[PDB]
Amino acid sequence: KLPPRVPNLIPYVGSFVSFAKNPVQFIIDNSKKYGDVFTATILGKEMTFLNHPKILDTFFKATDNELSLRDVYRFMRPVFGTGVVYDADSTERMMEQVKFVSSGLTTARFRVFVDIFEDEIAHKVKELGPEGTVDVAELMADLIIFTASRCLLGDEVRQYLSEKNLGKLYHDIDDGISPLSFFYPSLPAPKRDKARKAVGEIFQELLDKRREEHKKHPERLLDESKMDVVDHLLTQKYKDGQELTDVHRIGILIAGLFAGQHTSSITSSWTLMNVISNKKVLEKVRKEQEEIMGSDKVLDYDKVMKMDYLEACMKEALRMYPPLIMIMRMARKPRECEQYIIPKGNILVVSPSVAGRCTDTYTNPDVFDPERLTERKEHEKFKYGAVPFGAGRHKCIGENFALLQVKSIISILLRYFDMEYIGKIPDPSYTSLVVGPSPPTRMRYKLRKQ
């Protein structure tokens, strides 16, 4: 047969409400009811949910003629741009773009990023003062609105991030992208579109400056450690010889910068928060920190490689708060899963949010406990037991940059500060397309060298 169905409140609207209440809880409740698979009409979309690691093989290895991304995240267009990534001409033109960014994220560059991380957290401590309080959130995003910019675009950008308000414009973009937009791609959003244009120009500009810097400084091109994304773009040609257009450029910089900022700064928040609020942890971390930093007064890519425990904390925050709670693919052929046959036109959904709290994989899964990963190995149980980065053909290609970018920021931060958190770990907030713990998230901080 077809999968069971969430019986609807109404035709059309279907189950939008209890889904929208808590997207994840929804999927969990109904799993227990109707089993490993089940369909639910949500604002007129046929969304089948796959709900047990065992079965997620097919979802991830199917091809983009079988299971389309482009179909489903196409709505991102007004953000990224036209003919870009999910709105790109093809499966293969997307990939080719993806890789352009992922070339800005090489071992050579990573070494330079760690220096950038410092340079900025320095500039940042100034703004704070020896002690006070601050929304962790606001800070991660604010650190990360600066680091990434430089990491991918290069220090050239910083004069804009500073003088020209670029952060704010990012928010106008990034606060005009409801997850509703998925069900209504044409929901009018003028103030975003003004921002995305203003950005557009600047990103253009940027290239226009960067071109003259190649004429005046060609040697840059041979040196792997200044070859940022912008360059890779300015000096590459799709695999068939077709040139890239500045609008493909300007739009792929943003495609990245989007990928870069939010998911990370949210894991920066969720992780720290659980560390400075479990003393057995904040311990082990500072042991590792101090073992490693030794006589050194600043960070390096090798140090950060060795920050194993801390990574388990960030892994753990992802099992507790994966900021992409839902991975989606439209079906174009009909699909055989288990005994069922999911029909063409449906949308297939898989949740990390869920998979991280399944109970065969994880004991006391409401308990933040890096030892579940490092000693108990709970994530190795099933081959898709934990998937914060996705997997198969579309596995995140920022994984290592991410890990690098946070681990670095949290380390560097601890060093500077003794910090403690105020009241409980807030719950997730399901208001945005990237899911982060809910405001306010304040913490006391005071320094460590007079």
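Numbering starts at 1 and runs along the sequence shown.
On average the C-alpha atoms of 212-220 have higher B-factors than those of the other stretch, with 212-220 and 227-235 being the two compared. Looking at 202-210 and 319-327 together, the entry lists the larger mean B-factor for 202-210, computed on C-alpha atoms. When the C-alpha B-factors of 61, 395, 52, 407 are read from the PDB record, the largest value belongs to 52. Of the candidates 82, 165, 278, 271, the deposited coordinates give 165 the top C-alpha B factor.
The entry lists a Cα temperature factor for residue 432 that places it in the lowest third of the chain's modelled residues.
The entry lists a Cα temperature factor for residue 355 that places it in the middle third of the chain's modelled residues.
Sort the modelled residues of the chain by CA B factor and residue 399 lands in the lowest third. Ranked by Cα temperature factor within the chain, residue 438 sits in the middle third according to the deposited record.
The PDB entry assigns residue 413 a C-alpha temperature factor belonging to the middle third of its chain's modelled residues.
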